[PDB]
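This report concerns only the one structure given below.
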Amino acid sequence: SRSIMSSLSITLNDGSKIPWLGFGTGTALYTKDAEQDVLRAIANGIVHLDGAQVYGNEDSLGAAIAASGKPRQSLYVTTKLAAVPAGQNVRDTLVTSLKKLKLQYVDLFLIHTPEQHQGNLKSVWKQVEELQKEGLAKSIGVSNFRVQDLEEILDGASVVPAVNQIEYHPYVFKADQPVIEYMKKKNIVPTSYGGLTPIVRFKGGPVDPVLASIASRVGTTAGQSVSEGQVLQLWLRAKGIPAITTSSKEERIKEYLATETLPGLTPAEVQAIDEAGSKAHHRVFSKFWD
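Using the entry's author numbering, you'd call the opening residue of the sequence shown number 13 and step up by one each time.
Right under this line is the structure:
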């Protein structure tokens with residue numbers, strides 16, 4: 013049965029392994045849908061589940077884990093700090109998350125965005141470092157942090173964030189080159205959300221014929237049909253960047269799973285996607301980056 017051990021994973025700077033393929037509750041409107049989506053993801057073999065405080069779906073993620081019958085120790089669970097409610101501290105929010113998730117610890121706890129902690133980034137990160145010492149979060153990281161934001165929290169830090177979860181796909185490749193290079197020097201692993209943006213929101217752009225050509229190649233090598241969407245995930249796999257996905261259709265979930273083991277892209281293929289993506293800038297989330 014699929015588990016963290018039995019799945020493709022990426023090693024973090026603290027020694028632990030995060031599964032390369034993840035599934036996120038995202039901005040799912042109804043918790044009833046969110047629960048069924050996570051159940052579908054676990055049942056089809058995804059073992060990395062991404063939640064957040066701010067969208068209220070931790071309860072459904074916890075209920076789905078309990079209802080799936082899969083041992084919690086087989087699964088990697090992430091959640092993310094929203095704004096700190098008045099009269100509370102960071103630890104208070106994680107205790108609340110863990111009660112909703114029905115867990116004793118999360119595998120990964122992230123600051124969801126620097127925009128919610130303006131003037132307090134150093135303080136918040138120190139609090140997150142203490143939550144790792146306390147045993148409530150195995151690994152700690154950030155989300156949507158620019159180079160400027162990382163410099164701020166790294167000044168006088170005892171722990172370097174294990175990951176920076178960001179929007180990442182070919183249409184932000186050119187703009188993100190500085191933060192990607194910075195993270196590589198500090199050994200911060202980027203993780204991707206929004207990986208299918210080019211073909212879901214901007215179909216008809218310059219990357220499409222490149223994806224079509226590469227999908228035909230990968231499919232010929234593998235002996236099965238391969239989609240443009242699967243090539244976008246192989247692009248992330250080739251860069252060592254975990255892909256957090258969002259679609260709930262069992263047919264698409266099975267497509268995602270296949271990308272874990274499809275033939276990898278060659279250097280010329282990755283470069284061709286980099287180039288074609290660099291012909292357009294389309295940033296869908298965290299617009300303060302622009």
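Virtual Cβ for every residue (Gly too), placed ideally from N, Cα, C.
In the DSSP assignment, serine 225 falls within the alpha helix (DSSP H) that extends over 220-234.
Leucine 148 and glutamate 164 have their C-alpha atoms spaced approximately 24 Å apart. Counting C-beta pairs closer than 8 Å gives three or more between the stretch 247-260 and the stretch 31-43, which meets the contact rule. Per DSSP, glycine 147 lies in no beta strand (DSSP E) and is assigned neither H nor E.
Under a 10 Å Cβ-count criterion, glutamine 85 is classified as exposed, with fewer than 16 other Cβ atoms of the shown protein chains found around its own Cβ. By the Cβ neighbour-count rule, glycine 276 is exposed, with fewer than 16 other Cβ atoms within 10 Å of its own.
The beta carbons of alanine 64 and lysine 92 sit about 4 Å from each other, so the pair counts as a contact at 8 Å. With contacts defined by Cβ atoms closer than 8 Å, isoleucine 58 and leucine 269 form a contacting pair. The shortest C-alpha to C-alpha distance from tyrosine 205 to any of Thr257, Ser80, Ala40 is the one to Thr257. Shown here, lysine 29 sits in a strand according to DSSP, grouped into three states. DSSP places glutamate 272 outside both helix and strand once states are collapsed to three, so it counts as coil. At a Cβ-Cβ threshold of 8 Å, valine 230 and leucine 166 do not count as neighbours. Within its own chain, the residues whose Cβ lies closer than 6 Å to the Cβ of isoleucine 152, once the five positions on either side in sequence are excluded, are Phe121, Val140, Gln144, listed in chain order. Contact check for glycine 68 against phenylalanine 185 fails: the beta carbons are separated by 8 Å or more. With a threshold of 16 other beta carbon atoms within 10 Å, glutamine 100 falls short and is exposed.
Across the structure, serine 109 and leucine 61 are spaced so that their CA atoms are roughly 14 Å apart. Proximity of the stretch 166-183 to the stretch 194-205 meets the contact definition, three or more beta-carbon pairs being nearer than 8 Å. Taking 8 Å as the upper bound for CB-CB distance, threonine 125 and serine 170 are not in contact here, some 22 Å apart. Counting along the chain, the unbroken alpha helix (DSSP H) around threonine 108 starts and ends at 102-113.
Around the Cβ of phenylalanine 157, a 10 Å sphere holds 16 or more other Cβ atoms; the residue is buried. Sequence-distant partners of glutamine 245 (beyond 5 residues in either direction) whose C-beta falls short of 7 Å from its own C-beta, in its chain, are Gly207, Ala255, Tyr268, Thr271.
If the five residues before and after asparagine 199 are omitted, its C-beta is found closer than 8 Å to the C-beta atoms of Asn25, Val172, all from its own chain and listed in chain order. Taking 8 Å as the cut-off, the beta carbon of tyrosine 88 is found closer than this to the beta carbon of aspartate 119. For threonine 91, the secondary structure class from DSSP, reduced to helix, strand or coil, is strand. For the alpha helix (DSSP H) assignment, the uninterrupted runs of no fewer than 4 residues enclosed by the stretch 171-202 are, from N- to C-terminal side, 185-198.
Between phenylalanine 297 and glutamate 127, the C-beta spacing is not below 8 Å.
Going by DSSP, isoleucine 253 is part of no alpha helix (DSSP H) at all; its letter is neither H nor E.
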